[PDB]
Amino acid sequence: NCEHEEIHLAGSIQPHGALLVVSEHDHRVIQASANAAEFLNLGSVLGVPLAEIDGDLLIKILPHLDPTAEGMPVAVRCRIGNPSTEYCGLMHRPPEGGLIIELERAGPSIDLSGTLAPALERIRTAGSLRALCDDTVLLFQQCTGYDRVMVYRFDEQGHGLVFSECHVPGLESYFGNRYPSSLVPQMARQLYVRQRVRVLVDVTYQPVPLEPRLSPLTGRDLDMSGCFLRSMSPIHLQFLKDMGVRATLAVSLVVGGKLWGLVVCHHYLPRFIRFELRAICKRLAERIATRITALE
């Protein structure tokens, strides 16, 4: 590989959310995505006390600063800006640099109450790895609506194999395509064991830089490992562009503390899935990984 890119030190986000970094000590915004004021209908954010950004959010965050009960990551409802809009704030604390708050607009959900159950039933009947993975791609396509859904399985040589696939009729089948191990570098695999869902809304996005780049607390790039808005590796973006894919969802399948494979979804238009469905996807994949585990 390909093992040298520090993909967690991206210094920028995708433009469909905003990112704030709050000091644990004075609770001011010490770093933010450059779009944050515009996205949040605020005049400014950098250097502003959280009390001014939104007092209720500050009140929400304060208990999470107890080192004996940090209770993160957490997803909180908040209302910010003037005019005021509802957001989901996904908050976590990297080892250094402060408290990160990533904000997505509240919006329409996908409703799963009539369709999740038959898809899960099918998974439960699966008696082989083949059946389980075929049922996985159907379940994730039903739940998420992506144009193509795959189980990308690492073989005994670490090559990537498109082991199961479904797609909307007329699209290309990648079923059975096999790829070099380096297309998913070990460093990326390692991150994906911890950060189990990635959503790339539009491959062609213009990254939104952090301001400042370097954390004022460390003098170093911010650790964005846990950021769902993180900008992705340009080499990977180029890969997807060369295939004509516009958006992706990827969910880790973790077995034995290692990346067994991925549920990989492609869309030919921009696509976002909101917090709750990302959480559901993560859990569904953990349940499937328990089954794989058992199947050998």
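So that there is no doubt, residue numbering starts at 1 and follows the sequence shown.
Taking the mean C-alpha B-factor of each stretch as recorded, 35-43 and 228-236 are not equal, and the higher mean is that of 35-43. Averaged over CA atoms, B-factors in the entry run higher in 103-111 than in the other of 86-94 and 103-111. In the PDB entry, the Cα temperature factor peaks, among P209, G71, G145, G160, at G71. Per the deposited record, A51 carries the highest C-alpha B-factor of all listed residues (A250, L259, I30, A51).
Compared with the other modelled residues of the chain, the Cα B-factor recorded for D223 ranks in the middle third. Per the PDB record, residue ranking by Cα B-factor puts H167 in the middle third of the chain. Annotation for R194: C-alpha temperature factor in the middle third relative to the rest of the modelled chain, per the entry. Sort the chain's modelled residues by C-alpha temperature factor and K282 lands in the lowest third, per the entry.
Ranked by C-alpha B-factor against the other modelled residues of its chain, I273 falls in the middle third.
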